[PDB]
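Here is the structure we will look at.
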Amino acid sequence: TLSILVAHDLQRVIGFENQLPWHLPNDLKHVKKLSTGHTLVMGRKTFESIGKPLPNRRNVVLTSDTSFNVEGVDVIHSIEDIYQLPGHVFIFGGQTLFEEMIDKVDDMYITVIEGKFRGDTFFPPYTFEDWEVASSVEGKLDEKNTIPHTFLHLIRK
Ligand SMILES: NC(=O)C1=CN([C@H]2O[C@H](COP(=O)(O)OP(=O)(O)OC[C@H]3O[C@@H](n4cnc5c(N)ncnc54)[C@H](OP(=O)(O)O)[C@@H]3O)[C@@H](O)[C@H]2O)C=CC1
Ligand SMILES: COc1cc([C@H](C)C#Cc2c(C)nc(N)nc2N)ccc1-c1ccccc1
C-alpha cells in the first residue's frame, strides 16, 4: 500500500519556517500508531526539519545529494525508487513530495487542523469528488491538545 500521511490546516498549511505551525501531541500519537513497523518516505527538507529518524520504522529520505548519509536513514535518489519499497509506505512530506505523489497514492490519512495558521508550505489542493471518506474521527480537545482536529482516511474513488 502507498499512502499519504499529513496534517494540514483549513487552508492546507503544513509548515512555517521549518516547523509544524501547531502543537498537537494527539496527532503525533496518530502518526506513531499508523507508521510504527512500516516505512516513512520524506523529502530532504522534511527530514532536516526533524533532524533524526523516527524510531521503530524505516526512514527513507529522497534527495539528489549523493553524499547524503545519516545513521538510521535509507536514501533514495528517484521517485521511481519509492515503488520498490516493500510493505506499507507512507509519503510523509513535504510540499514538494506531496505534489509529486498525490496523483499516485492509494489513499490518504489526513489530520485536518481546524484553524488558520501562517504558513510557507502547503499540501496540494484536492477534491472530495476524487476521494471517498473511509472514516472521519474528531480528535479530543485537551489540556495539551487545544486545537480542534479531525482524522480523515480518504480512499481514491
Ligand atoms: N509538515 C511538513 O511535512 C513539514 C515540512 N517542512 C519542509 O518543507 C518545506 C518546503 O520544502 P519542500 O521542498 O516541500 O520539502 P521536501 O521535504 O519535500 O524536500 C524537498 C527536497 O526533497 C528532495 N526531492 C524532492 N523530490 C525529488 C526528486 N524527484 N528527485 C530527487 N530529490 C527530490 C530534494 O532534496 P535535495 O535538495 O537535497 O536534492 C528537494 O529539495 C521546508 O521548509 C521544510 O521545512 C517544514 C515544516 C513541516
Ligand atoms: C517528529 O515529529 C515531527 C514530525 C514532523 C514532520 C514534518 C511531520 C509530520 C506529520 C504530522 C506531524 N502529522 C501527520 N498527520 N502527518 C505528518 N506527515 C515535523 C516536526 C516534528 C517534530 C519534531 C520535534 C518536536 C515535535 C515535532
Side-chain angles (χ1 to χ4, degrees), residues 1-10 12-63 68-76 79 81-102 104-115 117 119-124 126 131-156:
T1 314
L2 185 60
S3 308
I4 273 172
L5 178 54
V6 67
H8 74 66
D9 82 356
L10 291 171
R12 283 171 290 100
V13 169
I14 67 169
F16 183 65
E17 294 191 329
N18 277 359
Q19 295 185 353
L20 293 172
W22 48 80
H23 197 269
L24 205 55
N26 284 353
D27 177 62
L28 301 185
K29 289 197 105 304
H30 177 68
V31 171
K32 181 183 182 178
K33 193 190 299 94
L34 280 168
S35 66
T36 293
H38 302 108
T39 302
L40 297 178
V41 175
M42 68 201 88
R44 186 264 302 171
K45 294 190 178 178
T46 294
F47 175 73
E48 295 295 341
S49 75
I50 72 176
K52 293 184 83 176
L54 286 180
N56 310 138
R57 73 215 84 168
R58 217 235 274 236
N59 289 248
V60 173
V61 171
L62 177 61
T63 177
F68 189 91
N69 206 287
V70 181
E71 181 175 40
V73 173
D74 299 330
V75 181
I76 60 161
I79 285 168
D81 293 331
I82 292 169
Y83 310 114
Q84 308 295 296
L85 300 165
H88 199 166
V89 173
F90 295 93
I91 303 306
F92 199 55
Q95 170 171 166
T96 299
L97 194 52
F98 290 141
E99 289 174 347
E100 297 177 282
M101 296 306 294
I102 190 163
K104 309 295 179 199
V105 302
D106 301 317
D107 62 347
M108 310 198 285
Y109 292 90
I110 302 181
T111 304
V112 184
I113 307 292
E114 318 280 352
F117 289 79
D120 59 24
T121 309
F122 285 79
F123 194 73
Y126 61 97
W131 300 94
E132 176 165 20
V133 180
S135 60
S136 176
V137 180
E138 287 184 26
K140 301 287 163 82
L141 282 181
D142 211 56
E143 309 89 52
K144 297 204 185 62
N145 301 266
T146 46
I147 326 154
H149 52 285
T150 309
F151 304 108
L152 300 184
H153 181 209
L154 267 24
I155 305 177
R156 189 183 300 282

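Only heavy atoms go into these numbers, but all of them, side chains included; no hydrogens, no water, no symmetry mates. Residue numbers run from 1 in the order of the sequence given.
The minimum heavy-atom distance between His149 and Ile113, with the atom names listed, is CB-CD1, 4.1 Å. Pairing each heavy atom of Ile102 with each of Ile4, the nearest pair is CA-CD1, 3.9 Å. Closest approach of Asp107 and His153 over heavy atoms only: OD2-NE2, 2.7 Å. Here the shortest heavy-atom pairing between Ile110 and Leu154 reads CD1-CD2, 3.8 Å. Taking each heavy atom of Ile79 and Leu62 in turn, the nearest pair found is N-CD1, 4.2 Å.
With a 4.5 Å cut-off on side-chain heavy atoms, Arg12 and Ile14 do not count as touching. The shortest distance between side-chain heavy atoms of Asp27 and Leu20 does not fall below 4.5 Å.
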Atom pairs and distances, donor-acceptor, side-chain atoms in residues 48-61, under 3.5 Å, two or more places apart:
unit_1 : atom_1 : unit_2 : atom_2 : d
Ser49  : OG     : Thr46  : O      : 2.6
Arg57  : NE     : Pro55  : O      : 2.9
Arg57  : NH1    : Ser35  : OG     : 2.9
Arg57  : NH2    : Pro55  : O      : 2.8
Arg58  : NH1    : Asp74  : OD2    : 3.0
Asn59  : OD1    : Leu54  : N      : 2.9
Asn59  : ND2    : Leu54  : O      : 2.8
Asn59  : ND2    : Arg57  : O      : 3.1

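Evaluation of the ring-ring contact (aromatic ring centres under 6.0 Å, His included) rule for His88 yields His38, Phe90 as partners, not counting sequence neighbours. Partners of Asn145 according to the side chain to side chain donor-acceptor pair (under 3.5 Å) rule, which considers only residues two or more places apart in sequence or in another chain, are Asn26, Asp142. Residues meeting the side chain to side chain donor-acceptor pair (under 3.5 Å) test with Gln19, sequence neighbours left out: none. For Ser136, the side-chain contact (heavy atoms from CB on, under 4.5 Å) test picks out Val133, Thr150, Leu152, with sequence neighbours left out. Listed by chain and residue number, nothing satisfies the side chain to side chain donor-acceptor pair (under 3.5 Å) test with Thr39 (two or more places apart in sequence, or in another chain). Partners of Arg44 under the side chain to side chain donor-acceptor pair (under 3.5 Å) rule, at least two apart in sequence or in another chain, do not exist in this structure. Under the ring-ring contact (aromatic ring centres under 6.0 Å, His included) criterion, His30 pairs with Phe151, sequence neighbours left out. For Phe92, the ring-ring contact (aromatic ring centres under 6.0 Å, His included) criterion is met by no residue, not counting sequence neighbours. Applying the ring-ring contact (aromatic ring centres under 6.0 Å, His included) rule to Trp22 yields the partners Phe117; only residues at least two apart in sequence or on another chain are considered. Checked against side-chain contact (heavy atoms from CB on, under 4.5 Å), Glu132 has the following partners two or more places apart in sequence or in another chain: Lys157. Residues satisfying the side-chain contact (heavy atoms from CB on, under 4.5 Å) test with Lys104, not counting sequence neighbours, are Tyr83, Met101.
Atom-to-atom distance recorded for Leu5:CG and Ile91:CD1 is 10.0 Å, nearest 0.5 angstrom. Note that the CG atom of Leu28 and the NE2 atom of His23 stand 6.5 Å from one another [nearest 0.5 Å]. Here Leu141 contributes atom CG and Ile147 contributes atom CD1; the two are 9.0 Å apart, rounded to the nearest 0.5 Å.
Ring centroids of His8 and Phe98 are separated by 6.0 Å or more, keeping the two rings apart.
Distance alone, capped at 3.5 Å, places no donor-acceptor pair between the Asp106 side chain and the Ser3 backbone.
Taking a 6.0 Å sphere around CD of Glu114, one finds it holds more than 12 heavy atoms contributed by other residues, nucleotides or ligands.
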Show the numbers, then the answer: is there a side chain to side chain contact (heavy atoms under 4.5 Å, CB included) between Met108 and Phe123? CA-CA 12 Å; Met108 310 198 285; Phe123 194 73; 3.9 Å; yes
Test side chain to side chain contact (heavy atoms under 4.5 Å, CB included) on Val13 and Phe122 and set out the steps. CA-CA 5 Å; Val13 169; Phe122 285 79; 3.6 Å; yes
Residues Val70, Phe47; criterion side chain to side chain contact (heavy atoms under 4.5 Å, CB included); working and verdict: CA-CA 10 Å; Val70 181; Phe47 175 73; 3.7 Å; yes
